[PDB]
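We begin with a single chain expressed as structure tokens, specifically the form deposited in one PDB entry.
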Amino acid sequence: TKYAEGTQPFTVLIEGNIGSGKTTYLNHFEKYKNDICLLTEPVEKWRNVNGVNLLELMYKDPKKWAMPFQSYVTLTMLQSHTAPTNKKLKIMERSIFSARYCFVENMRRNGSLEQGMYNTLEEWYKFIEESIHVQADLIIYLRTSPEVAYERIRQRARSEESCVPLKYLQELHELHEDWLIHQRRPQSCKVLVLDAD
């Protein structure tokens, strides 16, 4: 018996690469706010943790800050996944899944998370599977080419992201592909693929 078990409605997760337009997509559901629990733009949380901008720290110094950043992401996802609601539908930008299967895996591959950090995160992930209910009935996948995602990143010009190369978006694209198209992860619910190009 996990925390939040039996307390959650049908849940949609909006996934896709950086700059795939997840927030822009979720904005369309604004009029329906009375019947949908909408939990959007988690990134504003990660830029302001009682004043501290973890996102900024992460990109500057990933070998020191990537583990607390991803730890804090994991938490905010958990807080959203388990938030109470009397509404019959919940829709969320991202999830604990993209953190684990995409961004944490990529940061291990590129070396920003050393084994000890990766290990600590994965052991947390495993304990979270045992202890906390994560409701997920549909994933909407906003699929893009790495190049379109990079354009939207350059256009948006978030300062924290000023040094993000195309290769990093290519790496992240393949991981989203591995999970959402090629069924290479143990999760595990329905997926609707949308062309966001």
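So that there is no doubt, residue numbering starts at 1 and follows the sequence shown. Only residues modelled in both forms are compared. Take the two forms, find the largest set of C-alpha atoms that superpose within 1.5 Å, and that set is the rigid core.
Below: the form deposited in another entry, not depicted.
Which one of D61, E161, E129, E147, by Cα shift of 2 Å or more between the shown form and the other one, core superposed: Once the cores are aligned, the residue moving by 2 Å or more is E161.
Taking the cut-off of 3 Å or more as given, in which direction does the distance between the C-alpha atoms of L142 and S162 change in that other deposited form, closer or farther? It is closer: in that other deposited form, the C-alpha atoms of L142 and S162 lie at least 3 Å nearer than they do here.
Did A157 and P62 drift closer or farther in that other deposited form, going by a CA distance change of 3 angstroms or more? Farther apart, which means the C-alphas of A157 and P62 are at least 3 Å more distant in that other deposited form.
Which residue stretches between the shown form and the other one come out as moving, taking only runs of at least three where every Cα shifts by 2 Å or more after core superposition? In sequence order there is one run that relocates between the shown form and the other one, which is 156-163.
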